[PDB]
Each structure stands twice: as structure tokens, then as C-alpha cells.
$ cat upload24.cif   # mmCIF, C-alpha atoms
data_final
#
loop_
_atom_site.group_PDB
_atom_site.id
_atom_site.type_symbol
_atom_site.label_atom_id
_atom_site.label_comp_id
_atom_site.auth_asym_id
_atom_site.auth_seq_id
_atom_site.Cartn_x
_atom_site.Cartn_y
_atom_site.Cartn_z
ATOM 1 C CA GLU A 1349 0.000 0.000 0.000
ATOM 2 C CA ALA A 1350 0.940 3.658 -0.411
ATOM 3 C CA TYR A 1351 -0.691 6.645 1.258
ATOM 4 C CA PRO A 1352 -1.625 9.501 -1.108
ATOM 5 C CA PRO A 1353 1.051 12.204 -0.812
ATOM 6 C CA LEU A 1354 0.818 15.949 -1.464
ATOM 7 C CA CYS A 1355 1.955 17.346 -4.812
ATOM 8 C CA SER A 1356 1.192 20.115 -7.296
ATOM 9 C CA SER A 1357 0.296 19.273 -10.891
ATOM 10 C CA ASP A 1358 1.582 22.683 -12.043
ATOM 11 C CA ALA A 1359 3.236 25.880 -10.785
ATOM 12 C CA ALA A 1360 0.352 28.339 -11.196
ATOM 13 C CA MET A 1361 -1.683 27.619 -8.040
ATOM 14 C CA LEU A 1362 0.407 30.098 -6.004
ATOM 15 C CA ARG A 1363 -1.798 33.063 -6.941
ATOM 16 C CA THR A 1364 -3.886 33.796 -3.829
ATOM 17 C CA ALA A 1365 -2.501 33.404 -0.312
ATOM 18 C CA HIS A 1366 -2.506 34.970 3.147
ATOM 19 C CA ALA A 1367 0.041 35.835 5.837
ATOM 20 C CA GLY A 1368 3.223 34.120 4.666
ATOM 21 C CA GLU A 1369 2.019 30.728 3.428
ATOM 22 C CA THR A 1370 0.417 29.724 0.141
ATOM 23 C CA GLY A 1371 -3.185 28.556 0.249
ATOM 24 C CA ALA A 1372 -4.574 25.887 -2.077
ATOM 25 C CA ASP A 1373 -6.435 22.926 -0.594
ATOM 26 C CA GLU A 1374 -7.933 20.922 -3.468
ATOM 27 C CA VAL A 1375 -8.989 23.329 -6.253
ATOM 28 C CA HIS A 1376 -7.319 25.340 -9.005
ATOM 29 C CA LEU A 1377 -8.256 27.198 -12.176
ATOM 30 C CA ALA A 1378 -6.945 24.350 -14.347
ATOM 31 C CA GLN A 1379 -5.417 21.780 -11.961
ATOM 32 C CA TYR A 1380 -6.075 19.913 -8.709
ATOM 33 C CA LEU A 1381 -4.121 19.117 -5.545
ATOM 34 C CA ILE A 1382 -4.187 15.721 -3.834
ATOM 35 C CA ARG A 1383 -4.776 16.109 -0.104
ATOM 36 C CA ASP A 1384 -2.319 14.258 2.133
ATOM 37 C CA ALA A 1385 -4.206 11.553 4.022
ATOM 38 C CA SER A 1386 -1.200 10.923 6.266
ATOM 39 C CA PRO A 1387 -0.827 13.252 9.282
ATOM 40 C CA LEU A 1388 2.699 14.260 8.152
ATOM 41 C CA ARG A 1389 1.774 17.924 7.742
ATOM 42 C CA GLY A 1390 4.995 19.225 9.310
ATOM 43 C CA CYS A 1391 6.556 19.975 5.921
ATOM 44 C CA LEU A 1392 6.906 22.997 3.604
ATOM 45 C CA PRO A 1393 8.692 25.400 5.980
ATOM 46 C CA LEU A 1394 7.873 29.094 5.739
ATOM 47 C CA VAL B 387 19.635 26.643 36.502
ATOM 48 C CA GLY B 388 18.651 22.989 36.205
ATOM 49 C CA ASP B 389 19.653 21.329 39.473
ATOM 50 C CA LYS B 390 22.981 23.032 40.290
ATOM 51 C CA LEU B 391 23.876 26.517 41.543
ATOM 52 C CA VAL B 392 26.150 28.941 39.679
ATOM 53 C CA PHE B 393 26.982 32.640 39.913
ATOM 54 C CA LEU B 394 27.823 35.353 37.399
ATOM 55 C CA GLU B 395 29.669 38.667 37.212
ATOM 56 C CA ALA B 396 29.293 41.838 35.150
ATOM 57 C CA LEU B 397 31.278 44.741 33.721
ATOM 58 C CA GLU B 398 28.981 47.372 35.294
ATOM 59 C CA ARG B 399 29.833 46.646 38.946
ATOM 60 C CA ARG B 400 31.967 48.813 41.239
ATOM 61 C CA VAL B 401 35.111 47.730 39.385
ATOM 62 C CA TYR B 402 35.664 48.835 35.774
ATOM 63 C CA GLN B 403 33.579 51.950 36.478
ATOM 64 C CA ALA B 404 34.231 55.282 34.727
ATOM 65 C CA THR B 405 37.321 53.840 33.020
ATOM 66 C CA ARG B 406 38.465 55.263 29.673
ATOM 67 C CA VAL B 407 39.323 51.889 28.149
ATOM 68 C CA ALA B 408 38.133 49.955 25.118
ATOM 69 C CA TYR B 409 35.012 47.877 25.702
ATOM 70 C CA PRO B 410 35.819 44.137 25.510
ATOM 71 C CA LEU B 411 33.670 41.392 23.966
ATOM 72 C CA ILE B 412 33.276 43.020 20.547
ATOM 73 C CA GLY B 413 32.749 40.987 17.391
ATOM 74 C CA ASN B 414 31.903 41.703 13.767
ATOM 75 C CA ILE B 415 29.589 39.428 11.766
ATOM 76 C CA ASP B 416 29.298 39.759 7.984
ATOM 77 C CA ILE B 417 26.905 37.745 5.806
ATOM 78 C CA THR B 418 26.913 37.771 2.009
ATOM 79 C CA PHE B 419 23.750 39.230 0.474
ATOM 80 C CA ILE B 420 22.457 39.097 -3.092
ATOM 81 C CA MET B 421 20.524 41.898 -4.771
ATOM 82 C CA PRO B 422 18.582 41.512 -8.042
ATOM 83 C CA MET B 423 17.143 44.269 -10.228
ATOM 84 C CA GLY B 424 14.064 42.629 -11.768
ATOM 85 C CA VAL B 425 13.797 39.402 -13.775
ATOM 86 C CA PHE B 426 11.060 38.975 -16.368
ATOM 87 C CA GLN B 427 8.873 35.888 -16.116
ATOM 88 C CA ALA B 428 9.641 33.021 -18.495
ATOM 89 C CA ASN B 429 6.383 31.049 -18.202
ATOM 90 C CA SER B 430 2.922 32.242 -19.223
ATOM 91 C CA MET B 431 1.281 30.761 -16.103
ATOM 92 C CA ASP B 432 2.443 33.689 -13.930
ATOM 93 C CA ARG B 433 0.362 36.311 -15.793
ATOM 94 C CA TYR B 434 -3.122 34.818 -15.346
#
$ encode --input "upload24.cif" --output "C-alpha cells"
Amino acid sequence: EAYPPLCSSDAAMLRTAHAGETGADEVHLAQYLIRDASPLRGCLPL
Amino acid sequence: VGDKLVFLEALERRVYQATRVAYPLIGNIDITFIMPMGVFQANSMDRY
């Protein structure tokens, strides 16, 4: 088995954000992001 | 601190008062820094 990881299908989802972190959960204008089922959310440092 | 007992001193006590001498414990730290001037985008996904 393999848990679904987090990845970006393209490099255009970094349009809208807040504070100092990018925000894109599962939707995009032309792509989609796979949510990480595993609780390893301590990645992508600011 | 922790479980032991220690003491400390200072340079602002009765000694070393009103002395015209160079201040010790002085260090200089330099870090290299880059500076761009504006790079045009190469992909068309950054303008929509």
C-alpha cells in the first residue's frame, strides 16, 4: 500500500494566499491538488 | 539553573567603572547578500 502524498500538478496555483504561506487545498483554475491523508503535515517550511 | 547553583559577574559593577578603556567582547559578523534588479517571467502561467 501507499498513502496519497501531497503534490502540485503545475506551478500556477500560487496566486492567492494569506500571511506568509500559500493557500490551495484541493482546487485550481486548471489543476487539482491531492490532499495528504497521512498526518505528516509538518513539511513545507515558511 | 537545572539542578545546580552557579553565579555570574558583570562589567557594570563597582570595578571597571568610569574607566576610559576599550570595551571588551566586541565581534563583527558579515553575511553575504544578493541583490537583483528585476527578472522577467519566463512562463505564461504567472500572468493569469
$ interface_residues --input "upload24.cif" --of "chain A" --to "chain B" --cutoff "9 Å" --atoms "all atoms listed in the file" --output "list in words"
residues 1359, 1360, 1362 and 1363 of chain A
$ atom_distance --input "upload24.cif" --atom1 "CA of residue 1383 in chain A" --atom2 "CA of residue 1355 in chain A"
8.3 Å
$ resolve_selection --input "upload24.cif" --expression "the PyMOL selection byres ((chain A and resi 1372) around 12)" --output "list in words"
residues 1354, 1355, 1356, 1359, 1360, 1361, 1362, 1363, 1364, 1365, 1366, 1369, 1370, 1371, 1373, 1374, 1375, 1376, 1377, 1379, 1380, 1381, 1382 and 1383 of chain A
$ atom_distance --input "upload24.cif" --atom1 "CA of residue 1385 in chain A" --atom2 "CA of residue 1368 in chain A"
23.8 Å
$ atom_distance --input "upload24.cif" --atom1 "CA of residue 1388 in chain A" --atom2 "CA of residue 1351 in chain A"
10.8 Å
